[PDB]
């Protein structure tokens, strides 16, 4: 539709409530970023539908979130033409679509405390190693190898782009990554031709996309927070059932402190994330501007 063709280019686009339109929205973004003659369409469509099937009906880390995160990546890539290679752009959009595959609405910390079998298999970045494993499993289904026209070397290359990008959505990793990037910026040593540096920038891009609810317009941001807390509070209930006091953010008894919690997150995570991103990629400034506006809104709630 014309309104979507126009507004999909905005960083603060919302993908709407019609689920059956989201696959086509993703294909549109893939074709604009990577070209039409670079995925076989029927195979891409089959892949997308299997990815959708492997997302769960949870409040926040669901299929809608996957496509939303992919859209943020599309907007970053569209506004930074010439920086990322064709393979990187394909890899990143696919990584975003797949990055929360099979998410149950629980953190890595909860999996560890539960003694879930995934935590024995993957001791660090547990869910994220699982998300990548699931991505590979879907790619290996008959007729689902969207990368079948790549050489073996390019296939290995894009799967590694995807693995690194999915792992980078473990927010635990963000703090250290952003610290290193900020030092590289301050000292003028960031080198986008250096693969280690380049991987870090991509990781920050993945964080920025994953957190992008705080870069929407206030009505969208506020509504999305309801879904984020529905998951967090259910996890806190589950902590209590294990006999463990949950942290305030997961404890529904502490919900009156939501605005203070939001301030904490914007100050410690979101504003620094988008500030560092804008320093490296100036055209991403609208994400930072929107984030600052939402911080002001939470401050107003407190007032």
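Positions refer to the first chain, counted from 1.
Stretches 42-50 and 246-254 differ in mean C-alpha B factor, with the higher average recorded for 42-50.
Per the PDB record, of the two stretches 167-175 and 85-93, 85-93 carries the greater mean B-factor over its C-alpha atoms. Among 221, 194, 123, 107, the highest C-alpha B-factor in the deposited entry belongs to 123. Based on the entry's C-alpha B-factors, the most elevated value among 228, 162, 76, 146 belongs to 146. When the modelled residues of the chain are ordered by C-alpha B-factor, residue 35 sits in the highest third. Residue 24: CA B factor in the highest third of modelled residues in this chain (values from the PDB entry). In this PDB entry, residue 232 carries a Cα temperature factor that places it within the lowest third of its chain's modelled residues. When the CA B factors of the chain's modelled residues are split into thirds, the value for residue 65 lands in the lowest one. Annotation for residue 103: CA B-factor lies in the middle third of the chain's modelled residues.
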